[PDB]
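Structural features, examined
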Number of protein chains: 6
Amino acid sequence: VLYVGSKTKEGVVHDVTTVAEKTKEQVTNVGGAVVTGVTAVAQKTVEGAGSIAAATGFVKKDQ
Amino acid sequence: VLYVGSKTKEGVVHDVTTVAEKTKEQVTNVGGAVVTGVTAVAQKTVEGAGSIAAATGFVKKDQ
Amino acid sequence: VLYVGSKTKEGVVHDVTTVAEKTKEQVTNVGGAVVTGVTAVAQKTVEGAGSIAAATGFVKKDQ
Amino acid sequence: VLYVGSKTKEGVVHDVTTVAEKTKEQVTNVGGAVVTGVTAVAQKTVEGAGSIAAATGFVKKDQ
Amino acid sequence: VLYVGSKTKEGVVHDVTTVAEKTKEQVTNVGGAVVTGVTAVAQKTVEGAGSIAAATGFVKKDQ
Amino acid sequence: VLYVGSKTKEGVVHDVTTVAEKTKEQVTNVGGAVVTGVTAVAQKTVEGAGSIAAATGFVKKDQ
């Protein structure tokens, strides 16, 4: 690897605008996962067997 | 690998605009996964057997 | 690895604007995970087997 | 550029919930008026002398 | 640029919840007016002499 | 730039909750007016001489 004057931009998130508006919201949850907001994940490298990069609303029940 | 004056842009997310508006919302959840918001994942490399990169509303029940 | 005058930007998050507005919100939760706010995760490297990078609303029940 | 117009809610009614359970009700009316249920009126304009907008359980015995 | 207009709620009614359970109610009315339930009126304008906007349980015996 | 307009709530009613449980109620009315339930009135303007905006449990016996 060798850069010379290069404007590299690996693995980013930007300029994310959300104008939300809810007059009413009701969330009932039992055991599970609920996600209703803004999420932003930015990773460059994730190495590993069995791993999980960037879960969101994840439900895992193994044996 | 060798860059010279190159404006590389690997694995990004940008300029994501969401104008949402909900007069009423009702989420009932039992055990499962619900996702109702904005999500933005940006990864460059994910190595590994059995892995999971960028799940969203994922339900895993193995044996 | 060798950089020379390069403006590298590995694994970042920026310029994330959220204008939210909720007249009413009701969250009932039993055992599970609920996420309703703004989240921003930025990692460069996550190594390891079985690991979890950047969970959000994660429910894990293994044996 | 992206434009989103101006909402307006001149004279509305919404989100009226009434639950009843194991409810005994006995009513005896003689010449009068009785109201026992849910009602919702939404008008924008009512004009005129002597008018009666949105009566409910009204009795009117003039001479 | 991104524009979001100006909301307005001139004369509304919302989010009215009434639960009842194991409720005995006996009513006897004679010539009068009785109101025992949920009501919701939303008007923007009412004009005129002698007008009666949004009566409820009203009795009117003039001479 | 991002603009968000000016909200306005001229004359509204919201979020009215009433729970009742194991409630005995006996009512006897004779010629009069009785009100025993939930009410919600939301007007923006009422004009005119002699007007009666938003009566409730009103009795009017003139000569």
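Residues numbered from 1 in each chain as written, not as in the entry; some residues may be left out. Chains lettered and ligands numbered in written order. Heavy atoms only, no water.

The record names cryo-EM as the way this model was obtained, at a resolution of 3.32 Å.

For chain A, the PDB entry supplies the name Alpha-synuclein and the organism Homo sapiens.

Counting its secondary structure elements, chain A contains zero helices and six strands. Beginning at the N terminus, the succession of helices and strands in chain A can be written as β-β-β-β-β-β. Taking 2.2 N^0.38 as the reference for a compact globule, 63 residues should give roughly 11 Å; the C-alpha atoms of chain A span a radius of gyration of 18 Å, well beyond that estimate. Projecting the C-alpha coordinates of chain A onto the three principal axes gives extents of approximately 55 × 40 × 5 Å. Counting across all 63 residues of chain A, residues that qualify as buried make up 75%. (Helix = DSSP H or I, 4+ residues; strand = E, 2+ residues; numbered from the N terminus. Rg over C-alpha atoms; globule rule 2.2 N^0.38 Å. Buried < 20%, exposed > 50% of the residue type's maximum accessible area, 1.4 Å probe, protein only.)

Time to look at the interface of chain B and chain A. On the side of chain A, 63 residues touch chain B, which itself brings 63 residues to the contact. When the two sides are added together, the surface that chain B and chain A hide from each other amounts to roughly 4800 Å², 48% of it contributed by carbon and sulfur. Remark: the boundary between chain B and chain A carries two salt bridges. A salt bridge links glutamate 25 of chain B to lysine 22 of chain A; the nearest nitrogen and oxygen atoms lie 3.3 Å apart. The interface formed by chain B and chain A holds 55 residue pairs in polar contact in total. The element contributing the most residues to the side of chain B that touches chain A is strand β4 (residues 39-47) of chain B, with nine residues. In this sheet, strand β6 (residues 58-60) of chain B lies alongside strand β6 (residues 58-60) of chain A in parallel orientation, the contact comprising three bridges. Paired with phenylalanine 58 of chain A across the two strands is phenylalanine 58 of chain B, which belongs to β6 of chain B. (Contact = heavy atoms within 4.5 Å. Buried area = accessible area lost by both parts, 1.4 Å probe. Salt bridge = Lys/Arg side-chain N within 4 Å of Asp/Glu carboxyl O. Polar contact = N/O pair within 3.5 Å; in protein donor to acceptor, adjacent residues only side chain to side chain. Pairing = 2+ DSSP bridges.)

Tallying the contact residues gives 63 residues for chain F and 63 residues for chain E. Surface buried jointly by chain F and chain E totals about 4700 Å² across both partners, of which 49% is contributed by carbon and sulfur atoms. Considering only the side of chain F, the residues that lose the most area to chain E are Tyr3, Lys44 and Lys60 of chain F, jointly responsible for 10% of the buried surface there. Across the chain F-chain E interface, the total number found is one salt bridge. In this structure, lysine 44 of chain F engages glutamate 10 of chain E in a salt bridge whose closest nitrogen and oxygen atoms are separated by 2.9 Å. On inspection of chain F and its partner chain E, the count reaches 54 residue pairs in polar contact. Mapped onto the side of chain F that touches chain E, the elements with two or more residues apiece are β1 (3-4), β2 (13-19), β3 (25-30), β4 (33-35), β5 (41-46), β6 (52-53) and β7 (58-60) of chain F. Per-element tally for the side of chain F that touches chain E: the top contributor is β2 of chain F, with seven residues. Taken together, the residues of the side of chain F that touches chain E break down into 26 nonpolar, 24 polar and 13 charged. (Nonpolar A, V, L, I, M, F, W, Y, C, P; charged D, E, K, R; others polar.)

A few words now on the sheet that holds strand β2 (residues 26-30) of chain B. Read across the sheet, three strands follow the order β2(B)-β2(A)-β2(C) without closing on themselves; strand pairing throughout is parallel. Looking at the sheet topology across the chains shown, the edges are occupied by β2 of chain B together with β2 (26-30) of chain C. Sheet twist, expressed as the mean angle between neighbouring strand axes with direction ignored, is 0°. (Axes fitted to C-alpha atoms, helices over the stretch in contact; angles between N-to-C directions.)

Here the focus is the pattern of salt bridges. Per the stated rule, a full pass over the model turns up 19 salt bridges over all chains. Here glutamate 21 of chain A makes a salt bridge to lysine 7 of chain F, at a shortest N to O gap of 2.5 Å. Placement of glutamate 21 of chain A in the loop between β1 (12-19) and β2 (26-30) and of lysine 7 of chain F in the loop between β1 and β2 is noted, with the two residues assigned to different chains. We classify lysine 7 of chain F as partly exposed; its relative accessible area is 34%. With a closest N to O distance of 3.2 Å, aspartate 15 of chain E and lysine 24 of chain A form a salt bridge. Pair noted here: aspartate 15 of chain E is in strand β2 (residues 13-19) and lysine 24 of chain A is in the loop between β1 and β2, and the two residues belong to different chains. Just as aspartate 15 of chain E is buried, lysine 24 of chain A falls in that class too.

Right, let's get into the arrangement of the chains. Regarding chain C and chain D, the two do not touch, and the least distance separating their C-alpha atoms is 12 Å. At the C-alpha level, the nearest point of chain D lies 8 Å from chain F, with no contact between them.

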